Amino acid sequence: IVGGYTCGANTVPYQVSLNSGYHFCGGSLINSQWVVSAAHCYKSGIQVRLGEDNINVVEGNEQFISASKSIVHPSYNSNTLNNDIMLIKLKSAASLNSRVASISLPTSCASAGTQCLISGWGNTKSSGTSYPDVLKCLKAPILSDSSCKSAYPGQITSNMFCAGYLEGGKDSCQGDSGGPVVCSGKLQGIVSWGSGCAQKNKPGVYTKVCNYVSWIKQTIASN
Ligand SMILES: *[C@](=O)([C]([C][C][C][N]C([N])=[N])[N]C(=O)[C]1[C][C][C][C]1)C1=NC2=C([C]=[C][C]=[C]2)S1
Ligand SMILES: [Ca+2]
């Protein structure tokens, strides 16, 4: 996250870190046994880490659970990143408490202008590299589809939406992928992609979660 702020130990209890010997992507806990992330974050040997603040220090509230199965969206396209969403099942149910909670799925889509909270352990510099050990947060509004498509002509689909500031300075970045975008208490987006980080006229692109609620609910119920 570039231009954001330190969230504070477990102020985002649904935020998880995907670990394959090191943090590589973010994720969102939707219930005791399931996590939602980006399909482009897929890989074998995934260990889900919950209740994390400083990902390089054991503070006492973390829960490390191995993934039993991964399900990338059936129509995920790695070239265009269309349908960039995947489900990850926990080998054993997570212990839900205060630092470890799930985030509700949307009942309907959010509109442009709506403010959301984007979080992650990704790069914090837009013209360099510096990865944080503590969870970073950023409040950003959903941008009009017109400004989104204008910024990325011929690249935006109905399964994506832009959020951030066209003036640059605040945005998600490498390391934040798969992470949450929560608007009005609902998981409306997943950190997907963008051109650079916090660059003017280049907002972050997020997977439009509201389009996948049926698939998510049906897939989880059948697995
Ligand atoms: C993701 O954190 C990044 C997101 C950058 C967000 N940029 C904004 N908001 N301007 N995604 C990427 O680097 C790409 C998307 C598809 C291919 C590359 C990460 N996801 C992964 C990373 C490393 C390894 C695997 C997935 S960083
Ligand atoms: Ca920790």
# chains A, B, ... in the order shown; residues from 1 in each chain; ligands from 1
$ residues_around --residues "residue 42 of chain A" --least-positions-apart "5" --cutoff "10 Å" --atoms "only C-alpha atoms" --output "PyMOL selection string"
chain A and resi 18+25+37+70-72+85-88+178
$ residues_near_ligand --ligand "ligand 1" --cutoff "7 Å" --atoms "only C-alpha atoms and all ligand atoms" --output "compact mmCIF listing (two decimals) with N, CA, C and O atoms, in the first residue's frame"
# COMPACT_ATOMS: atom_id res chain seq x y z
N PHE A 24 3.27 -13.81 0.04
CA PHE A 24 3.27 -13.53 -1.39
C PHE A 24 1.98 -12.89 -1.88
O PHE A 24 1.94 -12.33 -2.97
N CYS A 25 0.93 -12.98 -1.08
CA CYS A 25 -0.35 -12.40 -1.45
C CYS A 25 -1.25 -12.24 -0.24
O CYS A 25 -1.02 -12.85 0.81
N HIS A 40 -4.68 -15.05 -9.72
CA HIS A 40 -3.30 -14.91 -10.15
C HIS A 40 -2.33 -15.18 -9.00
O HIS A 40 -1.12 -15.26 -9.20
N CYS A 41 -2.88 -15.33 -7.79
CA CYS A 41 -2.06 -15.61 -6.62
C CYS A 41 -1.93 -17.12 -6.41
O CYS A 41 -1.21 -17.57 -5.53
N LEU A 81 -6.46 -11.19 -16.94
CA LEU A 81 -6.79 -11.16 -15.52
C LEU A 81 -8.29 -11.04 -15.28
O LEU A 81 -8.74 -10.65 -14.21
N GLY A 122 1.88 -5.12 1.03
CA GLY A 122 2.62 -4.83 -0.19
C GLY A 122 3.53 -3.62 -0.13
O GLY A 122 3.60 -2.92 0.87
N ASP A 171 -2.52 4.17 -3.35
CA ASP A 171 -2.90 3.02 -4.15
C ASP A 171 -2.40 1.73 -3.50
O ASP A 171 -1.70 1.77 -2.48
N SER A 172 -2.78 0.59 -4.06
CA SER A 172 -2.29 -0.69 -3.56
C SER A 172 -1.04 -0.92 -4.41
O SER A 172 -0.78 -0.16 -5.35
N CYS A 173 -0.27 -1.95 -4.09
CA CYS A 173 0.95 -2.22 -4.85
C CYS A 173 1.33 -3.70 -4.75
O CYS A 173 0.62 -4.49 -4.13
N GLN A 174 2.45 -4.07 -5.37
CA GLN A 174 2.91 -5.46 -5.36
C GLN A 174 3.01 -6.00 -3.94
O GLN A 174 3.69 -5.43 -3.09
N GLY A 175 2.35 -7.12 -3.69
CA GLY A 175 2.40 -7.71 -2.36
C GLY A 175 1.02 -7.60 -1.76
O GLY A 175 0.66 -8.33 -0.82
N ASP A 176 0.24 -6.68 -2.30
CA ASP A 176 -1.11 -6.49 -1.83
C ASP A 176 -2.03 -7.40 -2.62
O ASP A 176 -3.20 -7.56 -2.25
N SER A 177 -1.55 -8.03 -3.70
CA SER A 177 -2.55 -8.82 -4.39
C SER A 177 -3.26 -9.93 -3.66
O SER A 177 -2.71 -10.64 -2.81
N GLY A 178 -4.54 -10.05 -4.01
CA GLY A 178 -5.43 -11.03 -3.41
C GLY A 178 -6.09 -10.43 -2.19
O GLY A 178 -7.07 -10.98 -1.68
N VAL A 191 -7.65 -7.05 -4.55
CA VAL A 191 -6.52 -6.40 -5.22
C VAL A 191 -6.10 -7.26 -6.40
O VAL A 191 -5.65 -8.39 -6.24
N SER A 192 -6.24 -6.71 -7.61
CA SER A 192 -5.91 -7.45 -8.82
C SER A 192 -4.68 -6.94 -9.57
O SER A 192 -3.66 -7.63 -9.62
N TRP A 193 -4.79 -5.76 -10.16
CA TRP A 193 -3.66 -5.22 -10.92
C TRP A 193 -3.68 -3.70 -11.10
O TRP A 193 -4.53 -3.01 -10.55
N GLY A 194 -2.71 -3.21 -11.86
CA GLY A 194 -2.60 -1.79 -12.13
C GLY A 194 -1.28 -1.50 -12.83
O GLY A 194 -0.42 -2.36 -12.90
N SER A 195 -1.13 -0.29 -13.35
CA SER A 195 0.11 0.08 -14.02
C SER A 195 0.95 0.86 -13.01
O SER A 195 0.62 2.00 -12.65
N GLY A 196 2.03 0.25 -12.54
CA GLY A 196 2.86 0.90 -11.54
C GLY A 196 2.05 0.99 -10.26
O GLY A 196 1.11 0.21 -10.07
N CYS A 197 2.40 1.93 -9.39
CA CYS A 197 1.68 2.10 -8.14
C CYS A 197 1.55 3.58 -7.80
O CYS A 197 2.53 4.32 -7.85
N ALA A 198 0.33 4.00 -7.45
CA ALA A 198 0.06 5.38 -7.09
C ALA A 198 0.48 6.39 -8.16
O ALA A 198 0.87 7.51 -7.84
N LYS A 202 -3.57 6.31 -13.25
CA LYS A 202 -3.38 4.86 -13.27
C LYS A 202 -3.84 4.29 -11.93
O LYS A 202 -3.02 3.85 -11.12
N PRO A 203 -5.16 4.26 -11.69
CA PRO A 203 -5.71 3.74 -10.43
C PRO A 203 -5.59 2.23 -10.32
O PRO A 203 -5.25 1.54 -11.29
N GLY A 204 -5.86 1.71 -9.13
CA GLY A 204 -5.79 0.27 -8.95
C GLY A 204 -7.01 -0.39 -9.56
O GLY A 204 -8.10 0.18 -9.57
N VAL A 205 -6.82 -1.59 -10.08
CA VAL A 205 -7.91 -2.35 -10.68
C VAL A 205 -8.22 -3.50 -9.72
O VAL A 205 -7.32 -4.22 -9.28
$ select_by_dssp --residues "segment 39-178 of chain A" --states "strand (DSSP E or B)" --output "number ranges by chain"
A: 47-50, 63-72, 77, 82, 86-90, 104, 115-120, 136-142, 160-163, 171
$ closest_residue --among "A:220, A:139, A:133, A:128" --to "residue 58 of chain A" --atoms "only C-alpha atoms"
A:133
$ closest_atom_pairs --of "chain A" --to "ligand 2" --cutoff "10 Å" --atoms "only C-alpha atoms and all ligand atoms" --output "tab-separated table"
residue	atom	partner	partner_atom_place_in_ligand_line	distance
A:9	CA	ligand 2	1 (Ca)	9.5
A:49	CA	ligand 2	1 (Ca)	8.8
A:50	CA	ligand 2	1 (Ca)	8.9
A:51	CA	ligand 2	1 (Ca)	7.6
A:52	CA	ligand 2	1 (Ca)	4.8
A:53	CA	ligand 2	1 (Ca)	5.3
A:54	CA	ligand 2	1 (Ca)	4.5
A:55	CA	ligand 2	1 (Ca)	4.3
A:56	CA	ligand 2	1 (Ca)	5.7
A:57	CA	ligand 2	1 (Ca)	4.3
A:58	CA	ligand 2	1 (Ca)	4.0
A:59	CA	ligand 2	1 (Ca)	5.0
A:60	CA	ligand 2	1 (Ca)	7.3
A:61	CA	ligand 2	1 (Ca)	7.4
A:62	CA	ligand 2	1 (Ca)	6.0
A:63	CA	ligand 2	1 (Ca)	9.2
A:133	CA	ligand 2	1 (Ca)	8.7
A:134	CA	ligand 2	1 (Ca)	8.6
$ write_last_selection --atoms "N, CA, C and O atoms" --output "mmCIF file, in the first residue's frame"
data_model
loop_
_atom_site.group_PDB
_atom_site.id
_atom_site.type_symbol
_atom_site.label_atom_id
_atom_site.label_comp_id
_atom_site.auth_asym_id
_atom_site.auth_seq_id
_atom_site.Cartn_x
_atom_site.Cartn_y
_atom_site.Cartn_z
ATOM 1 N N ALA A 9 -2.559 -3.307 15.083
ATOM 2 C CA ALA A 9 -2.706 -4.727 15.405
ATOM 3 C C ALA A 9 -4.127 -5.273 15.337
ATOM 4 O O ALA A 9 -4.980 -4.941 16.164
ATOM 5 N N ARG A 49 -2.292 -17.623 6.812
ATOM 6 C CA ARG A 49 -1.909 -17.067 8.097
ATOM 7 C C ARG A 49 -2.904 -16.001 8.534
ATOM 8 O O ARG A 49 -3.024 -14.947 7.909
ATOM 9 N N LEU A 50 -3.629 -16.299 9.609
ATOM 10 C CA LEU A 50 -4.639 -15.400 10.148
ATOM 11 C C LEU A 50 -4.180 -14.691 11.418
ATOM 12 O O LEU A 50 -3.204 -15.103 12.054
ATOM 13 N N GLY A 51 -4.900 -13.631 11.779
ATOM 14 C CA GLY A 51 -4.586 -12.865 12.976
ATOM 15 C C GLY A 51 -3.200 -12.248 12.966
ATOM 16 O O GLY A 51 -2.582 -12.067 14.013
ATOM 17 N N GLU A 52 -2.722 -11.908 11.775
ATOM 18 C CA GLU A 52 -1.396 -11.329 11.609
ATOM 19 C C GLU A 52 -1.376 -9.811 11.619
ATOM 20 O O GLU A 52 -2.311 -9.169 11.148
ATOM 21 N N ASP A 53 -0.307 -9.251 12.181
ATOM 22 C CA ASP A 53 -0.089 -7.809 12.174
ATOM 23 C C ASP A 53 1.295 -7.713 11.551
ATOM 24 O O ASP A 53 1.428 -7.472 10.352
ATOM 25 N N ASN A 54 2.326 -7.915 12.366
ATOM 26 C CA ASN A 54 3.693 -7.905 11.865
ATOM 27 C C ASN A 54 3.900 -9.329 11.347
ATOM 28 O O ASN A 54 3.894 -10.281 12.124
ATOM 29 N N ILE A 55 4.068 -9.479 10.036
ATOM 30 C CA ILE A 55 4.235 -10.808 9.453
ATOM 31 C C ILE A 55 5.618 -11.415 9.639
ATOM 32 O O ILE A 55 5.872 -12.533 9.190
ATOM 33 N N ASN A 56 6.510 -10.688 10.302
ATOM 34 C CA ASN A 56 7.853 -11.198 10.537
ATOM 35 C C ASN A 56 8.096 -11.459 12.016
ATOM 36 O O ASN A 56 9.195 -11.839 12.418
ATOM 37 N N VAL A 57 7.058 -11.259 12.823
ATOM 38 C CA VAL A 57 7.152 -11.466 14.262
ATOM 39 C C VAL A 57 5.915 -12.170 14.807
ATOM 40 O O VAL A 57 4.788 -11.781 14.507
ATOM 41 N N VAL A 58 6.133 -13.208 15.609
ATOM 42 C CA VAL A 58 5.033 -13.942 16.223
ATOM 43 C C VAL A 58 4.598 -13.122 17.439
ATOM 44 O O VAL A 58 5.323 -13.039 18.430
ATOM 45 N N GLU A 59 3.418 -12.517 17.357
ATOM 46 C CA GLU A 59 2.917 -11.680 18.442
ATOM 47 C C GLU A 59 1.946 -12.366 19.392
ATOM 48 O O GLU A 59 1.618 -11.821 20.446
ATOM 49 N N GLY A 60 1.479 -13.552 19.015
ATOM 50 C CA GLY A 60 0.575 -14.293 19.876
ATOM 51 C C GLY A 60 -0.854 -14.504 19.410
ATOM 52 O O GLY A 60 -1.578 -15.310 19.999
ATOM 53 N N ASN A 61 -1.276 -13.801 18.366
ATOM 54 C CA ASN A 61 -2.646 -13.954 17.888
ATOM 55 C C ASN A 61 -2.767 -14.601 16.513
ATOM 56 O O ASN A 61 -3.868 -14.717 15.976
ATOM 57 N N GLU A 62 -1.648 -15.036 15.946
ATOM 58 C CA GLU A 62 -1.685 -15.645 14.623
ATOM 59 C C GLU A 62 -2.100 -17.110 14.620
ATOM 60 O O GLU A 62 -1.885 -17.839 15.587
ATOM 61 N N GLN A 63 -2.718 -17.521 13.519
ATOM 62 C CA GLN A 63 -3.163 -18.895 13.326
ATOM 63 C C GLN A 63 -2.656 -19.309 11.949
ATOM 64 O O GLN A 63 -3.019 -18.700 10.943
ATOM 65 N N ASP A 133 6.322 -4.611 7.449
ATOM 66 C CA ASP A 133 6.171 -5.824 8.231
ATOM 67 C C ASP A 133 4.814 -5.764 8.921
ATOM 68 O O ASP A 133 4.240 -6.788 9.291
ATOM 69 N N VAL A 134 4.303 -4.547 9.065
ATOM 70 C CA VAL A 134 3.013 -4.307 9.699
ATOM 71 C C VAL A 134 1.951 -4.049 8.626
ATOM 72 O O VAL A 134 2.264 -3.558 7.540
#
$ closest_atom_pairs --of "segment 29-91 of chain A" --to "segment 160-167 of chain A" --cutoff "10 Å" --atoms "only C-alpha atoms" --output "CSV"
residue,atom,partner,partner_atom,distance
A:81,CA,A:160,CA,9.2
A:82,CA,A:160,CA,7.5
A:83,CA,A:160,CA,8.1
A:84,CA,A:160,CA,8.8
$ closest_residue --among "A:17, A:44, A:219, A:184" --to "residue 121 of chain A" --atoms "only C-alpha atoms"
A:17
$ closest_atom_pairs --of "segment 48-143 of chain A" --to "segment 211-215 of chain A" --cutoff "9 Å" --atoms "only C-alpha atoms" --output "Markdown table"
| residue | atom | partner | partner_atom | distance |
| --- | --- | --- | --- | --- |
| A:73 | CA | A:215 | CA | 8.6 |
| A:83 | CA | A:212 | CA | 8.8 |
| A:85 | CA | A:212 | CA | 8.5 |
| A:105 | CA | A:213 | CA | 6.8 |
| A:106 | CA | A:213 | CA | 7.1 |
| A:107 | CA | A:213 | CA | 7.9 |
| A:108 | CA | A:211 | CA | 8.6 |
| A:109 | CA | A:211 | CA | 7.7 |
$ atom_distance --atom1 "atom CA of residue 102 of chain A" --atom2 "atom CA of residue 216 of chain A"
14.4 Å
$ select_by_dssp --residues "segment 43-181 of chain A" --states "helix (DSSP H, G or I)" --output "list in words"
residues 145, 146, 147, 148, 149, 150 and 151 of chain A
$ decode --residues "segment 173-190 of chain A" --atoms "N, CA, C and O atoms" --output "mmCIF file, in the first residue's frame"
data_model
loop_
_atom_site.group_PDB
_atom_site.id
_atom_site.type_symbol
_atom_site.label_atom_id
_atom_site.label_comp_id
_atom_site.auth_asym_id
_atom_site.auth_seq_id
_atom_site.Cartn_x
_atom_site.Cartn_y
_atom_site.Cartn_z
ATOM 1 N N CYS A 173 -0.268 -1.955 -4.094
ATOM 2 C CA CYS A 173 0.951 -2.224 -4.848
ATOM 3 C C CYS A 173 1.329 -3.700 -4.751
ATOM 4 O O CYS A 173 0.615 -4.487 -4.128
ATOM 5 N N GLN A 174 2.447 -4.070 -5.372
ATOM 6 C CA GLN A 174 2.914 -5.455 -5.360
ATOM 7 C C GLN A 174 3.015 -6.004 -3.941
ATOM 8 O O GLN A 174 3.688 -5.429 -3.093
ATOM 9 N N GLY A 175 2.350 -7.124 -3.686
ATOM 10 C CA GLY A 175 2.397 -7.711 -2.361
ATOM 11 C C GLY A 175 1.023 -7.604 -1.755
ATOM 12 O O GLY A 175 0.664 -8.332 -0.821
ATOM 13 N N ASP A 176 0.242 -6.680 -2.298
ATOM 14 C CA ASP A 176 -1.111 -6.490 -1.825
ATOM 15 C C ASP A 176 -2.028 -7.399 -2.623
ATOM 16 O O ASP A 176 -3.200 -7.557 -2.253
ATOM 17 N N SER A 177 -1.547 -8.034 -3.699
ATOM 18 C CA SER A 177 -2.548 -8.825 -4.388
ATOM 19 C C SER A 177 -3.263 -9.933 -3.656
ATOM 20 O O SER A 177 -2.708 -10.638 -2.812
ATOM 21 N N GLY A 178 -4.544 -10.050 -4.007
ATOM 22 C CA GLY A 178 -5.433 -11.030 -3.414
ATOM 23 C C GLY A 178 -6.094 -10.432 -2.185
ATOM 24 O O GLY A 178 -7.073 -10.976 -1.684
ATOM 25 N N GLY A 179 -5.562 -9.307 -1.705
ATOM 26 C CA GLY A 179 -6.095 -8.655 -0.521
ATOM 27 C C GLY A 179 -7.498 -8.085 -0.640
ATOM 28 O O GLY A 179 -8.037 -7.991 -1.745
ATOM 29 N N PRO A 180 -8.111 -7.665 0.481
ATOM 30 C CA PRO A 180 -9.466 -7.106 0.498
ATOM 31 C C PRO A 180 -9.672 -5.627 0.175
ATOM 32 O O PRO A 180 -8.776 -4.792 0.326
ATOM 33 N N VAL A 181 -10.891 -5.347 -0.278
ATOM 34 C CA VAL A 181 -11.378 -4.009 -0.578
ATOM 35 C C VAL A 181 -12.772 -4.096 0.030
ATOM 36 O O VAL A 181 -13.678 -4.692 -0.553
ATOM 37 N N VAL A 182 -12.924 -3.531 1.222
ATOM 38 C CA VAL A 182 -14.194 -3.574 1.930
ATOM 39 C C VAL A 182 -14.912 -2.234 1.903
ATOM 40 O O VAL A 182 -14.355 -1.208 2.288
ATOM 41 N N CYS A 183 -16.156 -2.261 1.435
ATOM 42 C CA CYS A 183 -16.974 -1.062 1.349
ATOM 43 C C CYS A 183 -18.270 -1.301 2.107
ATOM 44 O O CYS A 183 -18.993 -2.257 1.827
ATOM 45 N N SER A 184 -18.555 -0.436 3.075
ATOM 46 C CA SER A 184 -19.766 -0.560 3.877
ATOM 47 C C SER A 184 -19.900 -1.958 4.484
ATOM 48 O O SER A 184 -20.954 -2.591 4.382
ATOM 49 N N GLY A 185 -18.821 -2.437 5.098
ATOM 50 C CA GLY A 185 -18.830 -3.739 5.743
ATOM 51 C C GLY A 185 -18.930 -4.960 4.849
ATOM 52 O O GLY A 185 -19.187 -6.064 5.334
ATOM 53 N N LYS A 186 -18.722 -4.779 3.550
ATOM 54 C CA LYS A 186 -18.804 -5.894 2.618
ATOM 55 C C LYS A 186 -17.573 -5.990 1.727
ATOM 56 O O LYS A 186 -16.983 -4.977 1.354
ATOM 57 N N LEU A 187 -17.192 -7.217 1.388
ATOM 58 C CA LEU A 187 -16.041 -7.449 0.522
ATOM 59 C C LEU A 187 -16.460 -7.230 -0.928
ATOM 60 O O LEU A 187 -16.988 -8.136 -1.570
ATOM 61 N N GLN A 188 -16.222 -6.029 -1.444
ATOM 62 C CA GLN A 188 -16.602 -5.709 -2.819
ATOM 63 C C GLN A 188 -15.481 -5.904 -3.835
ATOM 64 O O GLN A 188 -15.739 -6.040 -5.033
ATOM 65 N N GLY A 189 -14.237 -5.919 -3.367
ATOM 66 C CA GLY A 189 -13.132 -6.083 -4.291
ATOM 67 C C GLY A 189 -11.961 -6.905 -3.794
ATOM 68 O O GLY A 189 -11.855 -7.216 -2.606
ATOM 69 N N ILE A 190 -11.085 -7.261 -4.731
ATOM 70 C CA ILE A 190 -9.882 -8.035 -4.453
ATOM 71 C C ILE A 190 -8.756 -7.359 -5.229
ATOM 72 O O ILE A 190 -8.896 -7.108 -6.430
#
